[PDB]
Amino acid sequence: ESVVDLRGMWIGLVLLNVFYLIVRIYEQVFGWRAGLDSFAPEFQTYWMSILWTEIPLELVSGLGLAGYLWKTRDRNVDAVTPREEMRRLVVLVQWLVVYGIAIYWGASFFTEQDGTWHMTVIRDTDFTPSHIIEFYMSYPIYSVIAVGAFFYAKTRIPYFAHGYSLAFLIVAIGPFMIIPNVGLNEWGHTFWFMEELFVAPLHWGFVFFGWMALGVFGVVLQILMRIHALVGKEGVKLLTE
Amino acid sequence: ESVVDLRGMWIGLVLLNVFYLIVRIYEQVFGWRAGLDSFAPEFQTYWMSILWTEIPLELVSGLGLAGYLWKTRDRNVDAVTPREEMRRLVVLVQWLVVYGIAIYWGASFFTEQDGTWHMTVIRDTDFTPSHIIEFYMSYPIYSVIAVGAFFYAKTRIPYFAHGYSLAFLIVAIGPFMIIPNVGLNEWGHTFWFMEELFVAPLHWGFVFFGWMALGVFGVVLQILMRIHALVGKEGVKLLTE
Amino acid sequence: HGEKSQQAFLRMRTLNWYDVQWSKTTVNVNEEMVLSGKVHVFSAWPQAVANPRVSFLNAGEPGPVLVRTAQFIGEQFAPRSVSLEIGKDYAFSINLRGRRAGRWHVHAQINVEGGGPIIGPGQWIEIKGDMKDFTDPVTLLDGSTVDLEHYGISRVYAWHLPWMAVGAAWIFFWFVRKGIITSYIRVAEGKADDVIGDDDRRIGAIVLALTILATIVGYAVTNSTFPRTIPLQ
Amino acid sequence: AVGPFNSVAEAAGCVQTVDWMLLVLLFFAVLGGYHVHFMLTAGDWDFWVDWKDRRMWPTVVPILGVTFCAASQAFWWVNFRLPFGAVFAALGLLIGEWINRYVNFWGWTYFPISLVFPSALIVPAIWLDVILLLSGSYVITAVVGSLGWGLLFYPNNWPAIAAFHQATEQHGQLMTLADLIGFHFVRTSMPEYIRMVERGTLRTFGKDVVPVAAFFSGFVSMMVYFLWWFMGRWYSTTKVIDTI
Amino acid sequence: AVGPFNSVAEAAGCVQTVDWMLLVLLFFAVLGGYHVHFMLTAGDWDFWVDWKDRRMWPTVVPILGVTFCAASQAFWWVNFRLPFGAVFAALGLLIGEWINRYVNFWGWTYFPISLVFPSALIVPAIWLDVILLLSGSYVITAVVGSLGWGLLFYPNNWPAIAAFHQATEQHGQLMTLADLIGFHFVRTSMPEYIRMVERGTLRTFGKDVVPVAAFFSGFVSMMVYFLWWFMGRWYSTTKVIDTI
Amino acid sequence: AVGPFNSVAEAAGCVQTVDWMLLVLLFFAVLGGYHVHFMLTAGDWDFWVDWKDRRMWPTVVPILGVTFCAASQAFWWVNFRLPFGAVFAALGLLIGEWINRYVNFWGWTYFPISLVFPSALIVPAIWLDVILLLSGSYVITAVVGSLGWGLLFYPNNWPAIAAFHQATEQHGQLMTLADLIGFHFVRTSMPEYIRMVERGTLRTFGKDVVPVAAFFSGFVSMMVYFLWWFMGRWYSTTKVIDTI
Ligand SMILES: CCCCCC(=O)OC[C@H](COP(=O)(O)OCC[N+](C)(C)C)OC(=O)CCCCC
Ligand SMILES: CCCCCC(=O)OC[C@H](COP(=O)(O)OCC[N+](C)(C)C)OC(=O)CCCCC
Ligand SMILES: CCCCCC(=O)OC[C@H](COP(=O)(O)OCC[N+](C)(C)C)OC(=O)CCCCC
Ligand SMILES: CCCCCC(=O)OC[C@H](COP(=O)(O)OCC[N+](C)(C)C)OC(=O)CCCCC
Ligand SMILES: CCCCCC(=O)OC[C@H](COP(=O)(O)OCC[N+](C)(C)C)OC(=O)CCCCC
Ligand SMILES: CCCCCC(=O)OC[C@H](COP(=O)(O)OCC[N+](C)(C)C)OC(=O)CCCCC
Ligand SMILES: CCCCCC(=O)OC[C@H](COP(=O)(O)OCC[N+](C)(C)C)OC(=O)CCCCC
Ligand SMILES: CCCCCC(=O)OC[C@H](COP(=O)(O)OCC[N+](C)(C)C)OC(=O)CCCCC
Ligand SMILES: CCCCCC(=O)OC[C@H](COP(=O)(O)OCC[N+](C)(C)C)OC(=O)CCCCC
Ligand SMILES: CCCCCC(=O)OC[C@H](COP(=O)(O)OCC[N+](C)(C)C)OC(=O)CCCCC
Ligand SMILES: CCCCCCCCCCCC
Ligand SMILES: CCCCCCCCCCCC
Ligand SMILES: CCCCCCCCCC
Ligand SMILES: CCCCCCCCCC
Ligand SMILES: CCCCCCCCCC
Ligand SMILES: CCCCCCCCCC
Ligand SMILES: CCCCCCCCCC
Ligand SMILES: CCCCCCCCCC
Ligand SMILES: [Cu+2]
Ligand SMILES: [Cu+2]
Ligand SMILES: [Cu+2]
């Protein structure tokens with residue numbers, strides 16, 4: 001009917017980018033003016049409220065996304081038609097595109113924004129505005145999206161339904177293993193290494209699990225294997241050459 | 001005609017040993033008397049000239065040897081006769097014998113000669129006479145010989161022509177990785193450690209690639225596989241016992 | 001002699017040499033010359049160079065062309081590492097002895113543990129004579145006198161060379177008894193048991209027993225000689 | 001009809017759209033992993049101009065930056081023969097870094113761009129990609145390619161930092177322009193003692209600090225290039241495990 | 001005619017010549033690798049007689065010297081059943097070291113042999129080889145053979161270094177003959193503080209320093225012997241890869 | 001007849017007896033390995049009540065204790081589906097430690113039990129085992145299970161060490177009861193400087209030392225849990241090698 005739909009990907013991209021742009025404007029306005037001092041009540045009013053509303057909301061969102069994708073799964077996935085299988089592969093690629101955008105927003109934008117924020121304050125607490133935005137919003141958001149991408153493939157595409165793709169597992173967990181370094185950082189940023197030396201091996205736990213973001217290589221390679229198999233002998237050599 | 005020729009091996013051994021003996025006499029004479037101070041113009045006359053002549057000469061020699069062996073290759077290496085394949089294997093063993101002699105001269109003789117030179121001078125520069133002889137003559141010489149040895153097998157013997165022998169690659173590259181810490185020892189000898197301590201981790205990268213000299217084990221084993229396969233059923237049992 | 005390449009600000013802000021004198025400019029083999037002077041430790045010791053808390057006084061020369069018989073710093077005999085306090089001045093003196101004929105540039109040098117070498121003033125020393133005429137000599141606690149130029153080398157040779165010969169003989173014995181290609185083919189043909197099997201193991205055990213006996217005998221014999229030794233100081 | 005597509009035009013359009021989606025999907029999150037790794041290992045040397053010294057910076061940054069370039073080269077070249085993997089990773093890193101420098105370091109915290117600009121890596125990445133392209137082997141591009149990856153770091157970065165090495169006199173004491181910028185625009189948790197820069201050493205035989213660092217960084221790089229090429233190969237696995 | 005040789009005599013002559021060539025070919029470059037490794041890891045302890053202390057030297061040298069001995073044993077025993085592998089490596093190392101001491105340390109720089117003589121390893125190598133020969137398993141010789149490799153180091157080196165441990169009195173101070181030799185023949189870049197020798201410690205219980213060190217090197221060798229036996233197995237691979 | 005057993009009852013009795021024997025056989029020697037590892041890595045933190053601080057103890061102990069729990073979980077769950085592997089390891093460690101504390105630390109050396117009692121681990125082990133039971137995958141219990149393993153360490157140990165954190169005044173100086181017990185009952189080789197406890201830092205923010213340490217220790221454990229699950233899988237190998 002229409003293999004390339006793309007409406008879902010556009011909706012997700014617009015929603016995510018607009019939400020992150022709103023968050024960036026909010027923290028531009030309130031980084032100072034009740035953002036610096038962590039003991040003032042205005043900090044609780046403007047920043048701790050976000051922290052308290054983040055974890056339950058994203059936890060519920062991820063669990064509900066997994067449950068919805070599991071209850072919406074087809075029980076005859078082996079009988080999918082080549083056209084429907086290609087459509088599902090395209091939807092998986094859309095999921096992965098949204099996932100990559102979320103990964104850029106969290107692991108790249110806000111993570112290095114923490115770098116410039118650490119040069120503005122003297123670390124009044126662990127729950128700085130940058131920490132609230134980065135550790136407790138963006139990282140959970142992209143891990144939730146990875147869960148959605150992982151569970152869509154598990155429940156729609158027969159190749160990912162008959163087992164667990166190791167690369168998909170890595171790209172779903174290891175990037176979710178970047179938020180974990182909240183302890184490795186805070187405990188590291190108190191006992192062992194003694195300054196905002198980002199180079200310190202208190203942050204090398206961040207790095208090792210940051211390498212797992214490369215697991216998308218195997219995921220897209222499996223997707224391409226499926227695509228190249230779905231197109232018949234006519235598709236590969238007559239058209240694609 | 002004649003499986004064991006050995007004229008090439010004798011010529012190579014004589015040339016290499018005479019050249020290294022000449023170099024040893026030269027550095028005996030000129031280690032003092034314009035070999036101590038690196039800022040005196042006599043040092044440029046007697047030692048920097050060698051450095052400027054070395055690198056382009058050995059680069060040209062290695063590239064030309066590889067090109068000659070590649071252009072002189074047979075295009076029907078599979079249709080080699082057992083006797084001609086024995087002759088080629090013997091020539092390869094001659095190549096590897098010259099290679100082992102060169103490795104002894106470079107990795108063992110001059111490398112530890114740099115040890116005794118370090119106790120004679122206070123390291124006026126990185127281009128000491130010992131460094132010139134060791135880093136920029138002997139290491140490139142034996143890597144060039146390895147390149148010739150590696151390319152001869154690739155271009156004369158079908159077993160090494162159908163692919164890349166992992167052990168041969170190691171024995172050709174890893175000992176060619178005995179030069180690298182000229183950057184790393186010097187940077188180590190100028191940043192990390194303070195004294196002329198040969199136990200320094202700045203000399204440990206020298207070691208990890210010095211282990212690659214053991215790659216000759218696999219090369220010799222593959223050569224022996226070829227030899228044992230070529231000698232017929234009578235050769236293995238009735239003659240060799 | 002390589003002090004030119006060292007960084008200027010480190011050279012001028014670590015040690016300030018003065019009153020440096022060489023007793024003799026021309027010396028003969030087995031003739032003593034004294035290199036003395038005073039050194040001032042800069043108050044603003046650079047962060048790049050570690051503290052002079054651990055340092056060693058040395059004579060900067062191209063190898064042992066001059067044998068150091070004794071050296072003093074801070075009114076102390078200093079064959080080992082010494083401590084230099086920042087901001088203080090110290091007097092040093094090195095008793096050298098001519099060994100190798102030639103013209104050598106001899107410096108005064110102090111090495112800091114975490115910094116490296118600091119090279120002081122250097123003077124050309126002319127040495128006349130022959131190397132073979134050189135004798136130290138030194139006296140032992142028991143009163144005997146030995147010549148450090150040649151002492152102990154004969155024993156080291158007599159212990160090392162025979163063992164290298166034994167190892168070479170072992171290698172050649174096993175190489176001629178069983179060939180390399182022959183034994184490789186034998187092992188590859190499944191029969192890696194007729195390549196090595198008693199009486200071969202008997203020869204191996206005889207060699208091991210003889211080696212252990214020689215080691216024990218050698219250890220006991222070299223304990224009768226030199227019955228009283230001390231660890232490195 | 002060309003299954004599973006209705007017509008040839010539909011197949012071509014689907015292929016083009018999926019190509020664009022795959023390109024974006026890889027470029028992002030390769031940017032993500034590479035930016036995380038570079039941020040938390042390579043510093044904090046890319047953050048501050050007064051950290052871009054002659055010894056540590058051209059040593060640390062190339063060695064730690066060649067990692068994802070090698071991994072992306074392993075992914076692209078082995079599976080697509082596309083010779084832009086190293087350029088892919090470097091462009092992603094530079095895009096993310098420049099965006100956040102302009103938006104967060106300068107846009108948010110008002111740190112001048114002259115203080116927080118990153119280090120150029122496009123030239124070494126192009127060298128690496130072409131060396132892999134002219135050759136066909138990662139072994140060759142590991143050695144000659146990554147050796148040039150380090151030797152090209154300082155020369156391609158000098159045009160951007162030369163203006164900040166101009167000397168100025170402050171209260172009877174010589175300081176560089178970069179030192180002055182770092183000192184003027186106050187950073188709270190960044191003292192001078194932490195800078196981890198070339199502070200001198202008794203065996204730095206002058207006029208060759210940068211060449212020594214470049215050869216060290218570039219020629220150590222082949223170990224890192226090998227390790228990360230094979231790590232990218234492992235990350236490209238299609239293995240499916242039966243249970244978790 | 002025995003293919004591919006014309007006659008039996010020609011085949012025998014070819015086999016003998018190639019056997020000699022292979023023996024030289026391996027002995028050299030095993031010398032090379034072993035000498036590089038020992039020189040840059042095991043010191044600088046073999047270099048100087050005043051470095052051969054009672055604790056660090058008999059610990060460091062055997063542990064880092066058993067490596068190539070184990071690797072060469074793995075090569076020779078598994079593929080040829082020839083019981084000279086550890087003796088092979090040790091003899092190569094000692095021959096190279098002695099040649100370089102006599103030609104360069106003494107012949108070039110005129111350091112007396114009493115200062116620069118190396119440490120004997122032939123006896124522990126023979127012990128290791130025989131233990132591998134009487135047994136048939138590397139596991140046994142890893143435990144008991146390499147245990148004797150450590151315990152036999154000092155006793156077999158005592159005959160060559162005892163003469164230099166005689167006490168002498170220098171300016172009202174006790175010094176050994178080895179210390180005097182190191183102090184007399186000046187080395188430029190070799191201060192006393194770097195010697196990394198046994199300088200005393202508050203929980204050494206006298207008269208057992210050498211037995212404690214020798215045992216320590218005895219079993220740390222077993223771990224190193226195991227690892228390096230398997231590394232020698234890996235270096236003996238005949239694997240051919242399709243593309244590099 | 002049910003071969004190789006004569007009758008049904010004989011087979012049942014044999015199976016029951018062998019089940020008991022296997023249970024004892026594993027419980028011991030898992031106690032052995034776990035106790036050696038925990039004693040020689042995790043301290044010396046279980047040994048002394050004055051070592052059980054708010055930062056180092058709840059960090060070191062859970063991380064090094066999750067090891068054998070994960071390995072035994074890998075053994076039991078994969079091969080038997082029995083959900084007590086972590087409880088198996090923890091109970092073994094606790095039983096061995098308590099036996100040694102009472103019989104030797106108190107029975108032999110007369111150190112009071114209040115000084116030498118170990119840290120509780122049954123609650124985190126139960127949490128880990130149940131999480132592995134409700135789930136069926138080691139990946140989930142690696143993350144959620146081992147996260148609760150560390151976060152539960154301090155709360156389940158607080159009832160035991162709270163009484164020793166009561167403040168006391170000694171010669172015009174504040175001391176804890178744990179410090180007093182460590183000070184009153186003299187230990188020869190345990191100076192105060194060795195204690196390796198939370199001594200404060202300029203970036204400790206008030207009232208969150210324990211939550212930070214528990215999150216660090218507990219959430220790192222997934223790396224250790226993964227590594228040791230797979231190491232227990234490797235130790236569960238049935239491979240038979242042809243030669244040694
Ligand atoms: C955070 C934005 C993620 C956007 C990812 C994307 O492009 O795919 C979204 C996908 C695109 O649509 P598709 O999976 O093709 O069809 C959606 C309808 N179901 C789930 C019945 C197949 O729709 C969904 O949101 C999946 C269901 C979860 C929300 C209730
Ligand atoms: C580095 C000395 C190696 C000595 C061992 C040996 O046998 O190799 C020498 C090789 C033995 O001859 P081979 O390689 O078997 O080739 C014989 C037939 N041709 C000469 C026509 C290729 O002869 C050459 O010197 C060939 C020319 C190389 C420089 C461009
Ligand atoms: C291994 C058989 C040959 C040596 C037998 C012997 O009497 O030596 C043991 C003895 C044991 O040391 P000890 O008598 O306690 O102290 C002597 C210390 N030195 C050798 C420096 C005088 O000397 C050693 O230190 C050699 C290393 C241990 C081999 C078992
Ligand atoms: C560490 C070895 C790297 C070079 C690979 C090699 O062993 O060379 C043989 C190889 C044989 O592979 P080939 O059949 O040429 O297929 C590879 C195709 N290219 C050349 C485009 C990579 O050719 C090359 O890639 C380099 C030859 C240079 C000689 C001066
Ligand atoms: C790599 C080709 C382009 C650069 C060529 C050039 O003239 O630069 C070499 C020069 C060599 O350093 P040198 O002239 O000894 O000292 C100049 C030091 N700076 C750049 C800090 C003034 O500058 C560098 O330090 C760049 C890193 C080495 C590339 C081979
Ligand atoms: C010049 C060395 C080439 C080694 C090629 C090879 O077969 O790889 C070795 C091994 C086996 O590779 P395999 O899985 O058989 O795949 C061979 C094909 N490539 C080379 C493209 C991955 O892979 C690794 O685990 C990498 C070890 C070094 C970096 C830590
Ligand atoms: C007595 C312990 C034997 C351990 C070796 C083994 O069983 O094989 C496992 C693995 C795979 O070997 P595989 O491919 O099965 O080849 C068998 C031949 N050996 C026994 C020489 C490895 O071997 C290794 O790579 C060495 C591991 C221990 C040192 C770090
Ligand atoms: C890092 C992934 C961990 C979860 C495994 C997974 O990919 O989920 C699919 C899997 C499919 O395996 P299944 O057929 O359910 O068999 C495993 C049986 N249990 C659930 C008892 C472990 O179901 C689960 O174990 C968890 C599902 C939770 C969704 C909210
Ligand atoms: C895990 C459920 C049982 C404990 C619930 C509780 O109230 O404890 C949390 C509280 C959090 O610490 P806080 O009240 O900030 O400081 C109390 C510090 N102590 C216990 C040393 C007085 O105590 C802890 O330190 C236990 C470790 C964290 C478990 C989530
Ligand atoms: C979320 C990661 C799942 C990895 C599952 C897997 O296939 O195991 C990885 C690797 C490859 O699997 P393979 O050896 O083929 O054996 C598959 C069977 N299990 C899963 C029990 C190892 O096995 C290991 O040796 C463990 C490495 C990590 C700990 C240091
Ligand atoms: C495709 C690139 C091939 C590189 C071949 C190198 C041949 C050896 C040169 C040795 C120079 C010293
Ligand atoms: C048996 C294992 C149950 C695992 C439940 C998975 C829930 C996924 C939530 C994702 C939140 C980011
Ligand atoms: C090759 C010419 C060297 C010029 C002087 C030294 C500069 C440092 C290079 C390591
Ligand atoms: C981060 C890399 C870990 C290894 C990836 C999976 C390896 C697959 C082996 C076939
Ligand atoms: C076995 C007899 C021990 C003799 C006294 C102690 C010597 C040190 C051995 C470790
Ligand atoms: C230096 C040793 C590296 C590994 C050698 C190759 C291993 C082959 C595995 C079959
Ligand atoms: C989530 C509420 C945090 C309360 C104050 C900070 C305590 C330390 C937690 C890391
Ligand atoms: C201590 C764990 C070492 C590895 C166990 C054996 C691995 C078997 C691989 C199949
Ligand atoms: Cu932060
Ligand atoms: Cu050198
Ligand atoms: Cu001079």
# chains A, B, ... in the order shown; residues from 1 in each chain; ligands from 1
call {"tool": "interface_residues", "arguments": {"of": "chain F", "to": "chain E", "cutoff": "12 Å", "atoms": "only C-alpha atoms", "output": "mmCIF file with N, CA and C atoms, in the first residue's frame"}}
result
data_model
loop_
_atom_site.group_PDB
_atom_site.id
_atom_site.type_symbol
_atom_site.label_atom_id
_atom_site.label_comp_id
_atom_site.auth_asym_id
_atom_site.auth_seq_id
_atom_site.Cartn_x
_atom_site.Cartn_y
_atom_site.Cartn_z
ATOM 1 N N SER F 189 49.078 -5.069 64.390
ATOM 2 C CA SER F 189 49.304 -4.533 63.049
ATOM 3 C C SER F 189 48.042 -3.911 62.467
ATOM 4 N N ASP F 242 42.722 -32.997 24.856
ATOM 5 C CA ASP F 242 43.375 -34.256 24.526
ATOM 6 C C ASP F 242 44.726 -34.418 25.209
ATOM 7 N N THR F 243 45.479 -33.335 25.374
ATOM 8 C CA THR F 243 46.815 -33.423 25.943
ATOM 9 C C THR F 243 47.037 -32.274 26.912
ATOM 10 N N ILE F 244 47.996 -32.469 27.809
ATOM 11 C CA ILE F 244 48.378 -31.440 28.763
ATOM 12 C C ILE F 244 49.877 -31.200 28.695
#
call {"tool": "residues_near_ligand", "arguments": {"ligand": "ligand 6", "cutoff": "9 Å", "atoms": "only C-alpha atoms and all ligand atoms", "output": "PyMOL selection string"}}
result
(chain B and resi 164+166-167+169-170+173-174) or (chain D and resi 74+78+138-139+223-224+226-234) or (chain E and resi 239-244)
call {"tool": "closest_residue", "arguments": {"among": "B:42, B:120, B:135, B:107", "to": "residue 28 in chain E", "atoms": "only C-alpha atoms"}}
result
B:107
call {"tool": "interface_residues", "arguments": {"of": "chain C", "to": "chain B", "cutoff": "9 Å", "atoms": "only C-alpha atoms", "output": "list in words"}}
result
residues 1, 2, 3, 4, 5, 6, 60, 61, 62, 63, 64, 111, 112, 113, 114, 115, 116, 117, 119, 181, 182, 183, 184, 185, 186, 188 and 189 of chain C
call {"tool": "residues_around", "arguments": {"residues": "residue 171 in chain C", "least_positions_apart": "3", "cutoff": "10 Å", "atoms": "only C-alpha atoms", "output": "compact mmCIF listing (two decimals) with N, CA, C and O atoms, in the first residue's frame"}}
result
# COMPACT_ATOMS: atom_id res chain seq x y z
N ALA C 165 78.90 -23.22 26.61
CA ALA C 165 79.35 -24.36 25.82
C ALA C 165 78.50 -25.59 26.08
O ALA C 165 78.18 -26.34 25.15
N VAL C 166 78.12 -25.82 27.34
CA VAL C 166 77.28 -26.96 27.68
C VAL C 166 75.92 -26.84 27.01
O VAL C 166 75.39 -27.82 26.47
N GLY C 167 75.33 -25.64 27.03
CA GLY C 167 74.05 -25.45 26.37
C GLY C 167 74.14 -25.67 24.87
O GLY C 167 73.27 -26.30 24.27
N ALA C 168 75.20 -25.15 24.25
CA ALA C 168 75.39 -25.37 22.82
C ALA C 168 75.56 -26.86 22.52
O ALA C 168 75.02 -27.36 21.53
N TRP C 174 70.96 -32.84 20.58
CA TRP C 174 69.59 -33.15 20.21
C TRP C 174 69.29 -32.84 18.76
O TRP C 174 68.38 -33.44 18.18
N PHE C 175 70.04 -31.92 18.14
CA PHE C 175 69.83 -31.61 16.74
C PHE C 175 70.39 -32.68 15.82
O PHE C 175 69.79 -32.97 14.77
N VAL C 176 71.52 -33.28 16.18
CA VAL C 176 72.09 -34.32 15.33
C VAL C 176 71.45 -35.68 15.60
O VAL C 176 71.29 -36.48 14.67
N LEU E 23 67.67 -24.20 11.67
CA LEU E 23 68.21 -24.03 13.02
C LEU E 23 68.79 -22.63 13.20
O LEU E 23 68.48 -21.94 14.17
N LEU E 82 61.64 -31.85 20.24
CA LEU E 82 63.04 -31.57 20.51
C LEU E 82 63.17 -30.87 21.85
O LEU E 82 62.66 -29.76 22.01
N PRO E 83 63.85 -31.47 22.83
CA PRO E 83 63.88 -30.92 24.19
C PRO E 83 65.03 -29.95 24.43
O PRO E 83 65.82 -30.12 25.36
N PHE E 84 65.12 -28.91 23.61
CA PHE E 84 66.13 -27.88 23.84
C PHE E 84 65.55 -26.47 23.72
O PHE E 84 66.31 -25.52 23.56
N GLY E 85 64.23 -26.32 23.82
CA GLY E 85 63.62 -25.03 23.54
C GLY E 85 64.02 -23.94 24.52
O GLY E 85 64.43 -22.85 24.12
N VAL E 87 66.55 -24.07 26.60
CA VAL E 87 67.99 -23.93 26.42
C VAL E 87 68.28 -23.15 25.14
O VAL E 87 69.20 -22.33 25.10
N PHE E 88 67.51 -23.40 24.08
CA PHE E 88 67.62 -22.61 22.86
C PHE E 88 67.54 -21.12 23.16
O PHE E 88 68.46 -20.35 22.86
N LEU E 91 70.38 -19.81 25.66
CA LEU E 91 71.68 -19.75 25.02
C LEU E 91 71.74 -18.61 24.02
O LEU E 91 72.75 -17.91 23.93
call {"tool": "residues_around", "arguments": {"residues": "residue 158 in chain D", "least_positions_apart": "3", "cutoff": "12 Å", "atoms": "only C-alpha atoms", "output": "mmCIF file with C-alpha atoms, in the first residue's frame"}}
result
data_model
loop_
_atom_site.group_PDB
_atom_site.id
_atom_site.type_symbol
_atom_site.label_atom_id
_atom_site.label_comp_id
_atom_site.auth_asym_id
_atom_site.auth_seq_id
_atom_site.Cartn_x
_atom_site.Cartn_y
_atom_site.Cartn_z
ATOM 1 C CA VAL D 49 42.703 27.051 24.322
ATOM 2 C CA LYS D 52 46.331 23.221 23.620
ATOM 3 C CA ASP D 53 50.025 22.978 24.440
ATOM 4 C CA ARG D 54 52.892 21.650 22.326
ATOM 5 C CA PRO D 58 48.855 16.937 20.078
ATOM 6 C CA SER D 119 40.625 21.228 17.556
ATOM 7 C CA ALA D 120 40.481 20.579 13.826
ATOM 8 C CA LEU D 121 40.476 16.949 12.708
ATOM 9 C CA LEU D 152 48.875 16.165 10.472
ATOM 10 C CA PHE D 153 47.176 17.155 13.732
ATOM 11 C CA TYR D 154 49.322 20.107 14.805
ATOM 12 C CA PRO D 155 49.960 21.458 11.261
ATOM 13 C CA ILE D 161 45.756 28.630 17.370
ATOM 14 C CA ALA D 162 48.667 30.677 16.004
ATOM 15 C CA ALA D 163 46.909 33.966 16.764
ATOM 16 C CA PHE D 164 46.631 32.958 20.428
ATOM 17 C CA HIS D 165 50.351 32.220 20.807
ATOM 18 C CA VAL D 210 56.077 19.330 18.655
#
call {"tool": "residues_near_ligand", "arguments": {"ligand": "ligand 1", "cutoff": "8 Å", "atoms": "only C-alpha atoms and all ligand atoms", "output": "MDAnalysis selection string"}}
result
chainID A and resid 5:13 15:16 65 68:69 72 87:88 91:99 145 148:149 152
